[PDB]
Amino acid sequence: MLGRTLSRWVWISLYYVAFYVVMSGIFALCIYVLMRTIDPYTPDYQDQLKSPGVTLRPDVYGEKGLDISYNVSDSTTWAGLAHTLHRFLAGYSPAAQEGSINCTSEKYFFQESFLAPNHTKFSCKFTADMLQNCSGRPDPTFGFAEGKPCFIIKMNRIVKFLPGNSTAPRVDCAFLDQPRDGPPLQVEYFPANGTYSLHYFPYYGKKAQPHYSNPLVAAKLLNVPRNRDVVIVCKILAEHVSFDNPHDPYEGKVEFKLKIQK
């Protein structure tokens, strides 16, 4: 016989199949009760989202960070950068933004009933218009063609996170090592002062605000010297945003290398 009798093999086999079905079922029921414990609108814990991440567009990575390099003369070297900028902004068209409304409160948009369609909360519009010079019009090269490029700075959304209401949270871009060669980095921000309107907060989550769109701020870099590698840091200034984390360079700020070849 093959190790055991064939009858003994069948009996052992059915015992292990029984054992495993019972255990799998106990497991399945654990997951089921777990998902009935879980609320669909607010996560139970936010232990790793104490401070929001910050990302940038166009995101091109060298190695060990964001690295962005292009040549002002050869328009093909920035074509893709402007393209991913255009394509990112595609979802911030007034059409794409139809599900959201016009907010004017300039203050936290607190809603605790679902007055929007299909049992939803309202979310504020953000249209590419609001980026002005860095919107793709009238300059569809997003400042790159003239060597003063636009980088769009987006803040990671967190359910019920409030950034601070004494003012709006702002963006501030500057150099990492302010070159003894040159002056400080000079920026124009859209909207003015590089702020995120308070009414984009709090975020209520993908189920409550399916058409939510993160507010943006474009930093237009005016000062950058040509054919020199620089490093740019953009931080979010808000009462409840931190950017001191040494184990997360994307926490409350975003850094990137820049080189504008002439």
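In this text, rigid core is short for the largest set of C-alphas that superpose within 1.5 Å between two forms. Start at 1 with the first residue shown and count on from there.
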*asked:* Do the Cα atoms of 144 to 152 or of 170 to 178 sit farther, on average, from the shown structure in 4 other deposited structures of this protein when the rigid core is superposed?
replied: 170 to 178
*Which of the two stretches, 154 to 162 or 72 to 80, moves more in 4 other deposited structures of this protein when the core is held fixed, judged by C-alpha RMS distance?*
72 to 80
*Where do the C-alpha atoms have the higher mean temperature factor in this entry, in 59 to 67 or in 43 to 51?*
59 to 67
_Between 31 to 39 and 222 to 230 (mean CA B-factor, as deposited), the higher_ = 222 to 230
*Taking the Cα B-factors listed in the entry, which of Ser123, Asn156, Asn118, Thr77 comes out highest?*
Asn118
_C-alpha B-factor winner, where the candidates are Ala238, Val254, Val22, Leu14_ = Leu14
_Chain thirds of CA B-factor: placement of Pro149_ = middle
_Chain-relative CA temperature factor third for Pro94_ = middle
*Where the record places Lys160 (Cα B-factor, split into thirds across the chain)*: lowest
*Lowest, middle or highest third: where is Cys134 by C-alpha B factor in its chain?*
lowest
*What third of its chain, lowest, middle or highest, does the C-alpha temperature factor of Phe110 fall into?*
lowest
